[PDB]
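[1] Coordinates for the following, if possible.
(chains A and B, ligands or ions: 3)
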Amino acid sequence: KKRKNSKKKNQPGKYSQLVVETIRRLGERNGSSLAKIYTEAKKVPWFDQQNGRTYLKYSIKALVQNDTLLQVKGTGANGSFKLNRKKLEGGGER
DNA sequence: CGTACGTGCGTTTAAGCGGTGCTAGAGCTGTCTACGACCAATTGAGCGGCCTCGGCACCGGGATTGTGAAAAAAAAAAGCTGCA
Ligand SMILES: [Ca+2]
Ligand SMILES: [Ca+2]
Ligand SMILES: [Ca+2]
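    Numbers count the residues shown, from 1 in each chain, chains lettered A, B, ... in the order given. Ligands and ions are numbered 1, 2, ... in the order given. Shown next is the protein structure:
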């Protein structure tokens, strides 16, 4: 349907998935923080201890831009990120 | 319940050792006089004694500040549902 419309929607990577799973899994409040999600994110056996935190940082920055996720205050530290996916297109928009 | 610490490995580092070589500077000696003790005479700073009057302790009255109770809202929290 037209040009740059009805697009691929490439499935996110295992860390970007873990960020979303973890945010919903313990999410019933006004925001889930970077440091919070990291705390039991690393409980997962395949999680790369040395870099994982940085991967989760890449994910959250991209998920917010995607409009998959949204920040309650979300500048640098604390941030707090609620999945804003609920009331949206869900299919992508420019 | 989360992870900071303790353990134990293999790998890396530089302390420790014994030695040599060089000389700064610690420390000793001898000399000589500037400086401090000691003294006697002089006298004025600082002592005790004494008097006074204004600060400050104490009081009463009023202004002000902070606390706690009760009632009522805002909010998290909890237990309760069917679905999916
Ligand atoms: Ca702790
Ligand atoms: Ca000397
Ligand atoms: Ca006096």
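[2] Could you report the distance from residue A:87 to residue A:70?
    Distance of residue A:87 to residue A:70, computed by CB to CB, to the nearest Å: 10 Å. The C-beta positions use only the backbone N, C-alpha and C, and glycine is treated the same way.
[3] Specify which residue of these two has the higher count of neighbours.
    residue A:70 (17 against 6; other CB atoms under 10 Å).
[4] show me where chain A has helices.
    A:14-25, A:34-41, A:49-66 (DSSP state H).
[5] Report all helices and strands that the first one contacts.
    Helices and strands touching helix A:14-25, by 3 or more CB pairs under 8 Å, 6 or more residues apart in numbering; DSSP states H and E, are helix A:34-41, helix A:49-66, strand A:81-82.
[6] which outside residues touch the first one?
    Pointing back at helix A:34-41 there. Here helix A:34-41 makes contact (CB atoms under 8 Å, 6 or more residues apart in numbering) with A:18-19, A:22-23, A:26, A:47, A:52-53, A:56-57, A:60, A:77-79, A:81.
[7] what is the orientation angle of it with helix A:14-25?
    Between helix A:34-41 and helix A:14-25, the angle comes out at 100 degrees (axes from the mean of the first three to the mean of the last three CA atoms, to 10 degrees).
[8] so who does residue A:9 touch?
    So residue A:9 contacts A:91-92 (CB under 8 Å, 6+ apart).
[9] What distance do you get for the closest residue to residue A:49 other than its chain neighbours to residue A:30?
    Spatial nearest neighbour of residue A:49, chain neighbours left out: residue A:42 (6.3 Å); criterion: CB to CB, 6 or more residues apart in numbering. Relative to residue A:30, residue A:42 is positioned 24 Å away (criterion: CB to CB).
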